[PDB]
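Take a look at this single chain, the form deposited in one PDB entry, given in structure tokens.
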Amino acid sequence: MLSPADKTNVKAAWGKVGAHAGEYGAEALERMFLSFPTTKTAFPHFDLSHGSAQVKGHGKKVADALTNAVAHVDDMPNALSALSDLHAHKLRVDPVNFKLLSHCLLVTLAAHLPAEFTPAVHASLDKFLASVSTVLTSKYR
């Protein structure tokens, strides 16, 4: 459960990301693929070479979905309902992988927001992606 303070922190930090979202989503993906290679089994149809257009396109989508969740932080389960059915019923990606991508999103954010990635903020962002992950995984069984 997010606290008022968490929502404030997430809005602030995500606010400074701004129009870098897509770019930061693609980098998270690249980070994940290199640090945790078992995550690649979920993308066999993709070309995963550095600078790949599929990876870039996928980053934007992921980033847009996270921008939506921030715009709907008091109603995330309904705002992400659709994405949640998709993962549970079509994609069927193991849950363990959501933590790995969450970790990588934080690393990317930390790499790009020196001034905003304070401790309290890191704590809030980590609680946020943990909640996003929980919703997207809620209907797996």
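Just count from 1 along the sequence shown to find any residue number.
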> Which has higher Cα B-factors on average according to the PDB entry: 27-35 or 41-49?
Replying inline: 41-49
> Which has higher Cα B-factors on average according to the PDB entry: 127-135 or 14-22?
Replying inline: 14-22
> Looking at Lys99, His112, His87, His72, which has the highest CA B-factor as recorded?
Replying inline: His112
>> Considering every modelled residue of the chain and its Cα B-factor in the PDB entry, is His103 in the lowest, middle or highest third?
In response: lowest
> Split the chain's modelled residues into thirds by Cα B-factor; is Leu91 in the lowest, middle or highest one?
Replying inline: highest
> Split the chain's modelled residues into thirds by Cα B-factor; is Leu83 in the lowest, middle or highest one?
Replying inline: middle
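Heads up, the form deposited with a partner chain bound isn't pictured, but that's what we're talking about next.
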> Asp74 near its partner chain in the deposited bound form, any heavy atom under 4.5 Å?
Replying inline: yes
